[PDB]
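Undergrad: Sharing a structure below in C-alpha cells format, with a few things to ask.
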4 protein chains.
Amino acid sequence: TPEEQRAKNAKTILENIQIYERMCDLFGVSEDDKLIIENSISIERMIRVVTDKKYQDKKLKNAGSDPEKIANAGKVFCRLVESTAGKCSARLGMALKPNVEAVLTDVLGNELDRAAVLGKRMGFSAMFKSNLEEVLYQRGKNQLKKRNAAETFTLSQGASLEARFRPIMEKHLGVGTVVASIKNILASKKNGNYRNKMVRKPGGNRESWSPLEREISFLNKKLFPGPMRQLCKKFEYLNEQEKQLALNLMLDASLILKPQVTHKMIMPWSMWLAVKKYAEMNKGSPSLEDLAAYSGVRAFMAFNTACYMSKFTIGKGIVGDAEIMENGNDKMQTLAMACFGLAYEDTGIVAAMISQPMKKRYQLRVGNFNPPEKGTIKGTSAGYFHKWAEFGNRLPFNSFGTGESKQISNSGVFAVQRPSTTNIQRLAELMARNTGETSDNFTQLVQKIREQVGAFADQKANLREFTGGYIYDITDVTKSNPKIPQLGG
Amino acid sequence: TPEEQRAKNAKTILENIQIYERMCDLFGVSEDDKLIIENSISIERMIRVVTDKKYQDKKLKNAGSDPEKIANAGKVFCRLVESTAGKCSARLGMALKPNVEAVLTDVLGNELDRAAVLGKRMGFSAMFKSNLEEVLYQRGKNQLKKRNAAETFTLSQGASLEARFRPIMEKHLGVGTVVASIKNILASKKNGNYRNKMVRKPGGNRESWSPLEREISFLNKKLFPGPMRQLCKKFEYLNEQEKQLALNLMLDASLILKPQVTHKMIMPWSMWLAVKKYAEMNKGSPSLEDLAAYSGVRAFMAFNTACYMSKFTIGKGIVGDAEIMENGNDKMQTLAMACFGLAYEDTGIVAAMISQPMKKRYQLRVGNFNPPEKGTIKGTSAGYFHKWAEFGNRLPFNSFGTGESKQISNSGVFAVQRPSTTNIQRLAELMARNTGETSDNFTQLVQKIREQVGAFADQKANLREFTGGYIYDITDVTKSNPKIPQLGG
Amino acid sequence: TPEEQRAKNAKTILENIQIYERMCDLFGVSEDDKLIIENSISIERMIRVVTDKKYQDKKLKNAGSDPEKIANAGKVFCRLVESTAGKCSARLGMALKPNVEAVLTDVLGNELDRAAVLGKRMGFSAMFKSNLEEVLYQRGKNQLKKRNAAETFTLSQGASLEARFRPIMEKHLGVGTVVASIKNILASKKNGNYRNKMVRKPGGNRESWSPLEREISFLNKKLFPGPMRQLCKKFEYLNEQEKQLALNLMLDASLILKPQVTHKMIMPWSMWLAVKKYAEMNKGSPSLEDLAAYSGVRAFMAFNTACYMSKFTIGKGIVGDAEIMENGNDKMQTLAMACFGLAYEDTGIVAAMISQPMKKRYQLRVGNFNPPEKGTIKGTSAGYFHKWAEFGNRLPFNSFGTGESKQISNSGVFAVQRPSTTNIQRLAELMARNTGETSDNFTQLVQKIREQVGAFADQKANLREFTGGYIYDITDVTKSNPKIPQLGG
Amino acid sequence: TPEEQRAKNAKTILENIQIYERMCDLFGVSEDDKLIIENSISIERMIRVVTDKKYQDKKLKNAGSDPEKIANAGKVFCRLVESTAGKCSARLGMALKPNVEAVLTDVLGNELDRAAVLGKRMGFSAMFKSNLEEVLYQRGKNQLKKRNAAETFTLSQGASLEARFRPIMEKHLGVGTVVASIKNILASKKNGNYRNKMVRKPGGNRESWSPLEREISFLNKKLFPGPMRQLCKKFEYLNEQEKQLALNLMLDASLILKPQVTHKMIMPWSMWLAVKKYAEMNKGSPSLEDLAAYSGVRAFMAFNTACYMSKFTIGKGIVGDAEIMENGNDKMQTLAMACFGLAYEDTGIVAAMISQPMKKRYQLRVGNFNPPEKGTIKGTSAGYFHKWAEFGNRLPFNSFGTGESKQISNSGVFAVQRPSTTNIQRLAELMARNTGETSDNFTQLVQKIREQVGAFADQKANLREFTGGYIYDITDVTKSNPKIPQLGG
RNA sequence: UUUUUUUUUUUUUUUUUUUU
RNA sequence: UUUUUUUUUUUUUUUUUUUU
RNA sequence: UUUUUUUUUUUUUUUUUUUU
RNA sequence: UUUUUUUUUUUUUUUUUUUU
C-alpha cells in the first residue's frame with residue numbers, strides 16, 4: 001500500500017504542478033521566474049482568496065449597488081515577481097475568476113465542491129503560509145484580536161490560518177492553536193462576531209457535532225494520556241472560567257509535556273516545479289513518486305534537491321530595523337523553518353543537520369516574500385541539510401509505569417495457606433479510571449500536573465529521543481554514523 | 001467408574017502416542033529426537049493447521065487458478081528438531097495431507113468427522129499452546145485485533161486459541177477469554193469480519209443456540225453465585241454499552257473474586273512418549289493408567305516422571321533483549337507453567353512445590369520452542385516438584401451467609417400468646433431472587449460489587465485455601481507433613 | 001404586500017410562459033398546438049427528467065463505455081401533439097440538453113443551482129402530474145414498491161412525486177404521503193435501497209436535520225392539535241413497530257379527522273399560455289396579476305377563463321375496458337380534479353360548482369394525455385364552474401373545549417370565608433401537557449383516538465364548513481346568494 | 001431471468017439424468033429397460049431409503065451386535081424391471097451404499113450435506129411417489145396411524161411423504177396434509193412417539209422456530225384471505241380442542257373454498273431420460289432447456305413428448321378384485337394423474353385435454369409399479385394430451401368486495417354546508433382488522449364460514465376459471481380456439 | 001466427572017498505555 | 001496512514017506586556 | 001403568506017386484497 | 001419465481017365408517 005500512497009501523492013503534487021504551470025502562464029510569468037518561491041506564495045495566496053467561501057459570503061453582503069465593486073468581483077489580481085538584467089520587480093498580473101476556476105476545475109475536476117479534494121491540498125499550503133507568518137512576525141495584528149501572549153503563541157503553530165482550514169489541519173496544528181481557538185470561541189459566545197456550526201468526518205468518526213465537540217476531540221487527539229486526556233474528558237463539565245483556567249494550565253504544561261502532535265513538511269509549489277524541471281534537466285532519473293510523502297527522509301531528499309539550483313529574490317532592505325543585518329542563507333534557514341515546521345524544534349539539532357550554526361529571533365533576518373519595487377535574484381546554496389534525521393511526533397517516554405502484568409491480586413488453584421501481593425488500592429484506581437471518575441478532577445488534575453512536572457523534571461535525565469536518534473550524513477540515510485549535536489558550554 | 005475413566009484416558013493418550021510415533025517416523029525424526037518437546041509442539045501445531053476447517057474454507061476462497069497454490073494445498077510442512085554430535089538444528093519435514101489423514105483416520109477412526117473425538121484432544125493441545133504463548137509474549141499481535149489491556153489479558157487464560165476451540169474448552173478458559181470474546185463479538189456486529197452461528201452440547205444441554213447464549217452460558221458457569229450470576233441472568237436485557245460496562249466491572253471484580261474456574265494439566269505429547277519409553281526402560285512397572293487423569297496428584301507423578309531424563313533444546317540466544325540472562329531451569333519453570341496453567345497461581349506456592357524460588361516476567365527467561373539454525377540439547381533436572389499439592393477450582397469461602405435454617409417466620413402448633421423472630425424482609429428478598437427480580441440490577445449489582453469487594457477486603461483475614469492445604473513432600477502424597485510457603489518480609 | 005405577491009407570482013408565471021413559448025418553438029410545435037394541455041404536460045415531463053439530479057447520478061453510474069449511451073445523454077426527447085385537417089398525432093421532438101438548459105438559464109438565470117427558484121415552480125408542476133396520475137390509475141406500479149392499500153392511497157395526495165420534490169411540497173401533500181414515506185423509510189433501513197441525508201429550510205426553521213426530523217416536522221405541521229400532535233412529539237421515542245402501528249391508526253383517524261392540510265391550484269402551463277393569448281385576443285383588458293395567486297377566487301377566474309376556448313385531444317379509445325364510455329366533459333372534470341386537487345373533496349359541492357352532476361371511479365372516463373397515433377382536437381365547454389366557492393384547509397370546529405377563561409382556581413383579595421370552583425385536576429393536566437408528559441402515550445392516545453372518533457361521530461351534527469359557506473354564482477363572488485348543494489335521498 | 005431459470009432447471013434435471021444413467025448401469029439395467037418408469041420409481045425409492053436420516057438414526061438404535069444387521073447396513077437393494085423376448089420380470093440389483101453415495105456425491109458434489117440441493121429434487125420425487133400412492137390406495141395403512149377420513153384424505157395431497165420432506169414441499173401439498181399433520185402433532189404431544197424441533201428458511205423468512213410456527217405459517221400461506229387467514233392468525237390462542245374443531249371446519253370449508261394452493265408437474269426421471277434419448281433419436285433439435293420448468297405449457301410439451309415411445313410394464317393381473325378390468329391407457333391416465341397432480345382436478349377438463357373420457361375410482365384400473373414375477377412390455381399411445389391448458393393455483397374470484405376507493409369519510413376543502421356518504425362503521429372494521437381484533441374470533445369466524453359458504457353457493461354462477469380459460473389444441477398453445485368441456489346431461 | 005462445526009488469515013522482532 | 005463547509009474582514013511599519 | 005439537494009430506475013395494459 | 005435437518009419404522013392383500 002505505501003507505494004500506491006506515494007503514487008496518489010505524486011498525482012496530487014502533479015495536479016498542483018499543472019495548476020501552477022497554468023497559473024504561471026496565465027499571469028504571464030517568465031520561464032525562469034516560474035521557479036520563484038515568492039511566485040509560489042503569490043499563487044497560493046490568490047487561491048486562498050478565491051476559495052474563502054466565508055469571506056465571499058461577507059463580500060456579497062457589502063458588494064452593494066456599486067459597479068466598481070461588481071467589476072472587481074470578476075477581476076482577480078496577483079502580485080508576482082518578474083525579472084530583467086539580473087534585477088527584479090513586481091507585476092500586477094490580472095485574470096478573471098473564471099480563468100482561475102477553469103484551471104482548477106480542469107485539473108481537480110468540475111466538482112471543486114468536493115471540498116475535501118481542494119481543501120486538503122489548500123490546507124497544507126495555507127498551513128505553510130501560516131508557518132512562514134509565524135516565523136516572520138509573531139502574529140501581532142491577529143493576536144490583538146485573539147487576545148493571548150508569547151508563550152501561547154509558541155504553542156499555536158498554524159494559528160494564522162483562516163477558520164475553515166483549522167478543521168482540515170487537525171493533526172499538525174500546535175496545541176495552542178486549538179486552545180486559543182476555544183478561548184476565543186468563549187469570547188465569541190459573548191460578542192456575537194461568529195456563527196456556530198455542525199460537521200462530520202468520514203474515515204475517522206461519523207459523529208455529527210459542533211466546534212465544542214470538534215475542538216474537544218482535537219484536544220483529546222493531542223493531550224497527554226492519563227491526567228491531561230482525563231481533563232479532556234471532563235472538559236464538557238468544567239464551567240466557562242474553569243475551562244479558561246484549565247486551558248491555561250494545560251497550555252503551560254504543554255510547554256514542557258510533549259504528547260502526540262504531528263509534524264509535517266510542505267515545500268512550496270514552485271519547489272515542486274523545481275523538482276520537475278530538475279528531473280527534466282537531469283535527463284530521466286529523478287522520480288517524483290520517490291519524493292511523494294508527508295513524512296520520512298523523502299522530504300530531506302526533496303529539500304536538498306531544491307538546494308541545487310532553486311531561485312528567489314534578494315531585496316537589499318530587511319524585515320529588520322537596526323544597522324545589523326545578514327545574508328540569503330538566513331532566508332534559506334527561514335524557508336527550511338517554514339518548510340519543516342522547525343519553529344519550536346531544537347536549534348542544535350537543526351544546526352547539525354543544516355551543518356551550520358542555528359539562531360533565535362534576536363539573530364534571525366529575512367525579507368517579506370512580497371514582490372518588490374526593485375531587487376536582485378539569488379539561487380540556492382548546495383545540499384544544505386548536509387546531515388538529515390528521522391522525524392517524529394511525541395516525547396521519548398510517557399512516564400514511569402506500573403508493574404507490566406504481575407503484582408495484581410493473586411489467583412490460587414492449589415489449596416495451600418498463603419501470603420499475597422495485596423494491591424486492592426490500585427485495582428480500585430483502575431476501576432475508577434475505566435468507570436470515568438469525575439469528582440474534583442479540576443483540582444486533582446491541577447495537582448497531578450504540578451507533580452507530573454516535578455517527575456518530568458527528574459525524567460529529563462534520559463527524556464531525549466527515540467533511542468536510535470542521531471544526525472546522520474546525506475551519504476547515510478543508512479543510519480550508520482550515530483553522533484551527538486553538542487556537549488554543552 | 002474412575003478406574004475405567006483412567007483406562008479411557010490411557011487409551012486416549014495411547015492414541016495420541018501412536019499418532020506421534022507415526023508422525024515422528026513420517027517426518028524422519030531420530031529416535032532420541034522423538035522425545036523433544038519442541039517436536040511435540042511442532043506436530044501439534046501442524047495438526048491444528050490441517051484441522052482448521054474455517055481457515056481451510058478461506059484458503060479455498062483465495063486458492064485461485066495458481067498451480068503453485070494447488071500443489072502447496074497437497075504438501076504439508078513440519079519444522080522439526082534434528083540433532084548430531086550434541087548440536088541441533090531444524091529440518092523442514094514434508095508429508096502429504098493424506099499421509100497425516102492416514103495416521104489420524106487409522107488411530108482415531110475414519111470418521112474424524114466425529115468432531116468431538118478429534119476436537120476434544122486437539123482442544124487440550126491447542127490450549128497448552130495458548131498457555132505457552134501467554135507466558136511467552138503477552139499476546140501483543142493478537143490483542144492489536146482483540147483491543148484490550150494487560151489486566152484483561154491476565155484473566156484471559158486460553159484466549160490465544162483459534163475460535164473453534166473456544167466452545168470445546170468451556171471449563172478451563174480464564175473468565176477474561178469469554179469476556180474479551182463477547183466484547184469483540186459486539187465489534188464484529190459492527191465490522192462484519194465474522195459469520196454468526198448456532199450449536200448444541202449433549203450430556204450438558206440440548207439447547208440449540210448462538211454465541212450469545214453460548215457465551216452467556218459459559219459466563220454463568222464461571223461467575224460468582226448471587227450478584228455476579230444475577231448480572232449473568234440479566235445480561236440479555238442489558239443494552240450493548242451496558243454489556244461492555246458490566247463486562248468491564250465484572251472482569252475487574254474477577255481480578256479479586258475467584259468463583260469456579262477450572263484448572264487443567266496438559267503435558268506435551270513427547271512427554272507422554274517419554275513416559276512410555278521411561279516405562280519401557282524401567283522394565284515393566286510404570287503404568288500409564290496410573291497417570292491417566294486431567295486432575296489430581298497423578299499429574300505431579302507424570303511431570304516428575306518426565307523430570308527424570310526428558311530432552312529439549314538450548315539455544316544460546318534468548319526470548320530477551322538486555323545482557324542479563326538465565327538457565328534451562330527457567331525453561332523448566334516455563335514448561336511447568338504451561339503444563340499446569342500456573343500463570344496466575346501463587347509464585348510462593350509454586351516456589352515451595354518446585355522447591356526453588358519463583359519469579360515475575362521481569363525475571364523470567366526462555367527460548368522460542370521453534371527449531372533452530374544451530375544449538376545444543378539438554379535433559380531434565382531430577383524430581384523437580386520435590387513438593388506437590390492438591391488441585392482446586394474456586395475461592396475457599398463464598399461469603400458470610402444467612403442463618404442456616406432457623407430465624408425464619410416461626411410456626412405455632414400450640415395455642416400460646418407469643419413474640420416472634422419476625423423476618424418478612426429477607427423472606428421477600430428470597431421471593432424476589434427466585435422470581436427473577438430485574439429492576440435497576442445494573443446499578444444495584446454495581447453497588448453490590450463495590451461493597452462485596454470491601455467485604456472481601458475484610459474476609460482476606462482467612463480467605464486462603466481448602467482448609468487441609470499445604471505443600472507436602474513427594475514422599476508425602478499422604479498429606480502427613482502440613483507446612484506453610486512463607487511468613488512474609 | 002399581497003398585490004406585490006401577485007406581481008412576483010405573475011413574473012413567476014410569465015417566466016414559465018416564456019420557457020414554454022421557447023420550448024414550443026424549440027420542438028417545432030404549431031401555433032394552435034401550443035395551447036394543448038397534453039403539450040404542457042409533455043414539456044413539464046421533459047423538465048422533470050432533465051432536473052432529476054438523483055436519477056442523473058444513477059444514469060452516470062450505468063452510462064458505461066457505450067457510445068450509444070453517451071450520445072443519448074446529449075439528446076433530449078419530447079413526445080408532443082401535432083395537428084392537421086382536424087386530426088392529431090404525436091411527434092418525437094428532439095433538442096440537446098444544452099438547448100433546454102439555455103431556455104431555463106436564460107429565463108430563470110444562469111444559477112439554476114438556486115434549487116429553490118427552479119424547484120419551487122417544478123414542485124408545483126410535478127405535484128399537478130402526481131394529482132393527474134392519482135386520479136388516473138390509483139398508483140398501482142408505484143404501490144407494488146410502496147406496499148400500502150387503497151385507503152392509505154386516498155390520503156396520499158402527491159405521493160406519485162419523485163423523492164426530491166416531497167421536501168419542497170411540504171404543505172399541500174396529503175398526510176398519507178408523509179406516512180407512506182415514513183413506513184417505506186423503515187423498510188429502506190432494512191433494504192439499503194437508499195441514501196440517508198440532512199437538510200435546512202430558511203424562513204421556516206434553520207434546524208439542520210434528517211428525513212426523520214423532516215418527516216416528523218411535516219407530520220406535526222399536519223396532525224390534529226392535542227392528542228395527534230402529542231403522538232407526533234412522542235414519535236422519536238416510539239419503537240419501530242410502535243411507529244408503524246401509530247402511523248396506521250393516525251392514518252385511519254385522518255380518514256375522519258381533517259386538521260390543517262393545504263389545498264392548492266396548479267393549472268397547466270399551456271392554460272397559463274391560453275390566459276396570455278386570451279388576454280391578447282381580448283385587446284388589452286384581462287391582466288395576469290389579477291389571476292396570480294395559489295389561493296382564493298382568482299383561481300376560479302383563471303380556470304373559467306381557460307373554459308372559454310382552450311384545446312386538447314380526443315382519442316376515440318379510453319382509459320377504460322368495458323363497452324360503457326363517456327365524453328370530453330369527463331376529461332374536463334378530470335382536468336378540474338387535477339387542477340384544484342378535488343380527488344377527496346365532496347362530489348356534491350363540486351357538482352353544484354361545475355353546475356353538473358359528479359361521479360366516482362366506477363363512472364369516471366378519460367384519455368391518457370400521451371400524444372397519439374391518430375385522434376381529433378376538441379375545445380372547452382363555456383364557463384364550466386358556473387358556481388364558485390371560498391377555499392380552505394381544515395375541519396370547521398376542532399373539538400368542544402374547556403371553559404374559555406373562568407372556572408380556574410379562584411383568587412381572593414377580600415378577607416371573606418368562601419367556597420371555590422376547585423379545579424386542581426385539570427390544572428395538573430395543563431401542567432402535564434406543557435411539561436411534555438410521555439408515560440404510555442401510545443395506549444393513552446390510542447384510547448383518545450377511539451373516543452375522539454366517537455365524539456366526532458356526535459359532532460358531525462354541525463361539523464360542515466366555515467360558517468359562511470355556500471356555492472355562489474360566478475355573477476356572485478360577492479357571496480350574496482347562500483344556497484346548499486343537496487338535501488339527501 | 002426466466003431463461004436462466006430454465007437453464008438451472010435443465011442442469012438440475014441433467015444431474016438427475018446422469019445419476020439415473022449411472023444407477024441404471026450400476027444395477028445392470030438393459031439399455032431399453034432404462035426407459036422404464038417402474039425403474040425410475042425403483043431408483044427414486046432406493047434414494048429415499050438411503051437419504052432417510054431419521055430412519056437411519058433409528059436403524060442404528062436397533063442395529064445391535066448382529067453381524068447380519070451390520071452387513072445389510074452396507075448392502076443396498078434395488079428391485080428393478082428386466083426384459084427378454086417381450087416378457088419381463090424383476091431382478092434384485094445390489095450395490096454398496098458407498099456406490100450410491102459415489103454417484104450422488106460425484107454429480108451433486110461431495111457436500112450432499114447441502115440438504116437443500118439433494119432434498120429439493122428428492123422432495124419433488126417423493127411428492128410424485130406420494131401422488132401415485134394417493135391415486136393407488138387411499139393411504140389406508142398410513143391413515144390407521146394418521147386417524148382421519150376420506151374427505152380429509154382428498155385435501156391431503158402429498159401426505160404420503162416421510163416427515164422430513166413435508167417442510168421442503170411447503171407450497172404444493174394439499175391443505176389437508178398440513179391440517180392432518182397438526183392434528184397428529186397434538187396426538188404426538190400425548191403419545192411421545194416424536195421429537196419436537198426448530199428450523200429456519202432463507203430467501204423466505206429467517207425466523208427460527210418450531211413445527212407449531214412452521215405449520216401455522218404454511219397454513220397462513222394457504223388459507224383464504226380475510227376470515228380464514230384471520231383464524232390462521234388467531235390459531236396460537238385457540239385451545240387444543242378449539243384447534244381441532246377449527247381445523248375440522250377450515251378443512252371442510254376448503255372442500256369448497258379454493259384459495260392459493262400450488263400445482264406442480266413431476267414427470268419420472270426415466271421420462272426425463274426418455275426426453276434425452278428422444279432428443280438423441282431426433283438428431284439435434286429437441287432441447288431440454290425448452291422443457292425445463294415446474295410450471296407452464298412446457299410441461300405438456302414434455303409429457304406429450306414422452307407420449308411418443310416411452311415404455312412400461314403390463315401385468316395381466318390388477319390393482320383390482322372383481323372380473324371387470326381395463327387397459328394400459330388407464331395406466332396412462334394414472335401416470336398423468338400422478339405427473340400433474342390431477343387427483344382433485346375436474347375429470348371433464350382432463351377428458352377434453354387427454355381428448356378421451358375421464359373416470360372415478362369405481363372405474364379406475366392400474367398395476368402396482370413393482371417389478372414382476374412375469375409380464376409383458378408396452379409403449380405409449382401418441383400425443384395423449386391432444387388438447388392442453390394454462391395452469392393455476394386459486395379460485396377465479398375471491399369475494400364481492402367493498403367500493404374500490406370512493407364512499408369513504410369525505411374530505412372538504414371548500415367552506416360549503418354539506419351531506420356526507422357517512423361510513424364510520426366499516427372504517428372502524430378496517431381499524432379492527434389492522435389492529436388484530438381477537439374477541440370470539442372462533443364463533444365469529446365459524447359464522448363467517450357458514451355465511452361465506454352461502455355467498456359462494458350464490459357466486460358459483462360465475463366462479464369457474466381465469467377468464468381466458470379453455471382446452472386449446474396442441475396445434476394451439478397460441479390459445480386461438482376457445483371451447484368448453486361439457487354442457488351437462 | 002463423561003460426548004461434535006465450519007468464511008477476517010501466521011512457519012520472527014524486544015524492557016511496550018491506545019489506528020505505526 | 002487514507003477522505004468535505006460556509007456571515008467579524010487584509011494586497012506594509014519595527015528590537016514590543018495588556019482597549020492607541 | 002414569502003425562500004435551496006443529490007446513488008434503487010419509466011417514453012403502455014385494465015372493472016384488481018397481499019412477492020406473478 | 002429462486003435456497004438446508006435429523007429418534008415410532010415397510011421391499012403385498014381388496015369394492016372398506018371408527019383400536020382386528
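Quick note on naming: the chains in the C-alpha cells go A, B, ... in the order shown, residues restart at 1 in each chain, and ligands are numbered from 1 in order of appearance.
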Write out as a short mmCIF file (atom, residue, chain, number, x, y, z; two decimals) with N, CA, C and O atoms, in the first residue's frame each polymer residue whose atoms come within 8 Å of region 2-12 of chain G, counting only C-alpha atoms (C1' of nucleotides); drop sequence neighbours fewer than 6 positions from it.
TA:
data_model
loop_
_atom_site.label_atom_id
_atom_site.label_comp_id
_atom_site.auth_asym_id
_atom_site.auth_seq_id
_atom_site.Cartn_x
_atom_site.Cartn_y
_atom_site.Cartn_z
N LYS C 53 -31.74 15.25 -10.58
CA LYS C 53 -30.33 15.17 -10.17
C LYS C 53 -29.91 13.79 -9.64
O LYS C 53 -28.94 13.21 -10.12
N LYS C 54 -30.72 13.20 -8.77
CA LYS C 54 -30.57 11.82 -8.28
C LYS C 54 -30.50 10.78 -9.40
O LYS C 54 -29.55 10.01 -9.48
N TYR C 55 -31.49 10.77 -10.28
CA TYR C 55 -31.51 9.85 -11.41
C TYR C 55 -30.38 10.14 -12.40
O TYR C 55 -29.92 9.17 -13.04
N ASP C 57 -27.31 11.08 -11.38
CA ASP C 57 -26.20 10.37 -10.71
C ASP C 57 -26.17 8.87 -11.05
O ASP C 57 -25.13 8.26 -11.30
N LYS C 58 -27.36 8.27 -11.06
CA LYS C 58 -27.57 6.84 -11.31
C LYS C 58 -27.33 6.50 -12.78
O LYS C 58 -26.70 5.46 -13.05
N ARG C 79 -42.06 13.75 -26.75
CA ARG C 79 -43.31 13.32 -27.41
C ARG C 79 -44.37 14.40 -27.24
O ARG C 79 -44.84 14.64 -26.12
N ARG C 114 -29.60 27.66 -7.94
CA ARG C 114 -30.64 28.12 -7.00
C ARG C 114 -31.82 27.14 -7.04
O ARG C 114 -32.91 27.46 -7.50
N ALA C 115 -31.57 25.94 -6.52
CA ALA C 115 -32.50 24.84 -6.38
C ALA C 115 -33.88 25.29 -5.88
O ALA C 115 -34.89 24.77 -6.34
N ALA C 116 -33.95 26.31 -5.02
CA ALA C 116 -35.20 26.91 -4.58
C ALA C 116 -36.03 27.45 -5.76
O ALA C 116 -37.20 27.12 -5.89
N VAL C 117 -35.44 28.27 -6.62
CA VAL C 117 -36.18 29.00 -7.67
C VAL C 117 -36.76 28.06 -8.72
O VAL C 117 -37.95 28.12 -9.03
N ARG C 164 -37.19 13.97 -4.31
CA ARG C 164 -36.67 15.34 -4.20
C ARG C 164 -37.75 16.40 -4.07
O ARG C 164 -37.50 17.41 -3.39
N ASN C 193 -31.75 0.20 -0.19
CA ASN C 193 -32.14 0.79 -1.47
C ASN C 193 -32.17 2.34 -1.48
O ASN C 193 -32.94 2.95 -2.21
N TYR C 194 -31.40 2.97 -0.59
CA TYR C 194 -31.50 4.38 -0.26
C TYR C 194 -30.17 4.94 0.25
O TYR C 194 -29.36 4.21 0.84
N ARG C 195 -29.99 6.25 0.16
CA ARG C 195 -29.03 7.03 0.94
C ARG C 195 -29.76 8.00 1.87
O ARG C 195 -30.52 8.86 1.42
N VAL C 199 -30.81 18.21 5.71
CA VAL C 199 -31.30 19.45 5.07
C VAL C 199 -31.66 20.56 6.08
O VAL C 199 -31.79 20.29 7.28
N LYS C 201 -34.14 24.58 6.14
CA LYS C 201 -35.22 25.35 5.47
C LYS C 201 -35.33 26.79 6.00
O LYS C 201 -36.02 26.99 7.02
N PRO C 202 -34.70 27.79 5.36
CA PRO C 202 -34.79 29.21 5.72
C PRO C 202 -36.20 29.80 5.61
O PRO C 202 -37.08 29.27 4.93
N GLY C 203 -36.44 30.88 6.34
CA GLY C 203 -37.76 31.50 6.54
C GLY C 203 -38.73 30.67 7.41
O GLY C 203 -39.62 31.24 8.03
#
Undergrad: Using only C-alpha atoms (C1' of nucleotides), which protein or nucleic acid residues come within 6 Å of region 375-384 of chain A? Drop anything in the same chain fewer than 4 positions from it, and give the result as a list in words.
TA: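 Selected residues are residues 86, 87, 88, 304, 307, 308, 309, 310, 311, 312, 313, 314, 315 and 354 of chain A.
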Undergrad: Convert the current residue selection to file output with N, CA and C atoms, as a compact mmCIF listing (two decimals), in the first residue's frame.
TA:
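Output saved as result.txt:
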# COMPACT_ATOMS: atom_id res chain seq x y z
N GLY A 86 19.21 40.64 -14.42
CA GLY A 86 19.55 40.27 -13.04
C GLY A 86 18.78 41.04 -11.95
N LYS A 87 18.10 42.14 -12.31
CA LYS A 87 17.17 42.88 -11.45
C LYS A 87 15.78 42.24 -11.43
N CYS A 88 14.99 42.56 -10.42
CA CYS A 88 13.63 42.05 -10.26
C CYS A 88 12.67 43.07 -9.65
N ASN A 304 16.86 19.06 -0.16
CA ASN A 304 18.22 19.15 -0.68
C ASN A 304 18.24 19.15 -2.20
N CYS A 307 17.78 22.46 -3.07
CA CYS A 307 19.01 23.15 -2.75
C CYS A 307 20.05 23.13 -3.86
N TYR A 308 19.87 22.39 -4.95
CA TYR A 308 20.79 22.51 -6.07
C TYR A 308 20.75 23.92 -6.67
N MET A 309 19.64 24.31 -7.30
CA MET A 309 19.59 25.49 -8.19
C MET A 309 18.31 26.34 -8.08
N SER A 310 17.46 26.15 -7.06
CA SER A 310 16.19 26.91 -6.96
C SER A 310 16.45 28.41 -6.73
N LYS A 311 15.54 29.31 -7.14
CA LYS A 311 15.78 30.76 -7.15
C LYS A 311 14.69 31.57 -6.45
N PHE A 312 15.10 32.70 -5.89
CA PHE A 312 14.29 33.55 -5.03
C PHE A 312 14.90 34.96 -5.02
N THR A 313 14.13 35.94 -4.55
CA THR A 313 14.57 37.34 -4.52
C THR A 313 15.52 37.62 -3.37
N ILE A 314 16.41 38.58 -3.58
CA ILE A 314 17.10 39.33 -2.54
C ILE A 314 16.75 40.81 -2.71
N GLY A 315 15.99 41.33 -1.75
CA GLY A 315 15.94 42.77 -1.50
C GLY A 315 17.16 43.18 -0.67
N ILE A 354 21.42 21.04 9.03
CA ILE A 354 21.86 22.11 8.12
C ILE A 354 23.38 22.28 8.15
Undergrad: To test your reading of the structure, identify every residue in region 157-239 of chain A that backbone DSSP assigns to strand (DSSP E or B), and report it as an MDAnalysis selection string.
TA: chainID A and resid 199:201 205:209
Undergrad: Give me, as number ranges by chain, the contact residues of chain E against chain A at a cut-off of 9 Å, counting only C-alpha atoms (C1' of nucleotides).
TA: E: 16-18
Undergrad: For N, CA, C and O atoms (P, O5', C5', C4', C3', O3' and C1' of nucleotides), I'd like the residues from the last selection saved as a PDB file, in the first residue's frame.
TA:
ATOM      1  P     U E  16      10.383   0.142  28.793  1.00  0.00           P
ATOM      2  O5'   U E  16       9.074  -0.227  27.957  1.00  0.00           O
ATOM      3  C5'   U E  16       9.090  -0.209  26.512  1.00  0.00           C
ATOM      4  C4'   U E  16       7.691  -0.158  25.926  1.00  0.00           C
ATOM      5  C3'   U E  16       6.541   0.223  26.867  1.00  0.00           C
ATOM      6  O3'   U E  16       6.024   1.542  26.595  1.00  0.00           O
ATOM      7  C1'   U E  16       5.954  -1.604  25.419  1.00  0.00           C
ATOM      8  P     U E  17       4.951   2.202  27.578  1.00  0.00           P
ATOM      9  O5'   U E  17       3.567   1.922  26.842  1.00  0.00           O
ATOM     10  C5'   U E  17       2.417   1.466  27.580  1.00  0.00           C
ATOM     11  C4'   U E  17       1.177   1.539  26.722  1.00  0.00           C
ATOM     12  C3'   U E  17       0.999   2.837  25.936  1.00  0.00           C
ATOM     13  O3'   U E  17       1.073   2.581  24.536  1.00  0.00           O
ATOM     14  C1'   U E  17      -0.763   2.537  27.555  1.00  0.00           C
ATOM     15  P     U E  18       0.762   3.750  23.491  1.00  0.00           P
ATOM     16  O5'   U E  18      -0.715   3.407  22.999  1.00  0.00           O
ATOM     17  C5'   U E  18      -1.052   2.082  22.545  1.00  0.00           C
ATOM     18  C4'   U E  18      -2.524   1.995  22.207  1.00  0.00           C
ATOM     19  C3'   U E  18      -2.981   2.821  21.008  1.00  0.00           C
ATOM     20  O3'   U E  18      -4.050   2.160  20.345  1.00  0.00           O
ATOM     21  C1'   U E  18      -4.223   3.447  22.896  1.00  0.00           C
TER      22        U E  18
END
Undergrad: Residues of region 240-315 of chain C classed as alpha helix (DSSP H) by DSSP on the backbone are to be reported as number ranges by chain.
TA: C: 240-256, 269-281, 298-306
Undergrad: Would you kindly return, as a ChimeraX atom specification, each protein, DNA or RNA residue with an atom no farther than 10 Å from any atom of residue 181 (chain D), considering only C-alpha atoms (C1' of nucleotides) and excluding same-chain residues fewer than 3 positions away?
TA: /D:146,156,159,163,166,175-178,184-187,211,215
Undergrad: Contacts from chain C to chain D, 6 Å maximum, only C-alpha atoms: show me the residue list as a PyMOL selection string.
TA: chain C and resi 150+256+344-345+390-393+464-466+469-470
Undergrad: Using Å and a single decimal, report how far CA of residue 367 (chain C) sits from CA of residue 327 (chain C).
TA: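 Distance reported for this atom pair: 10.1 Å.
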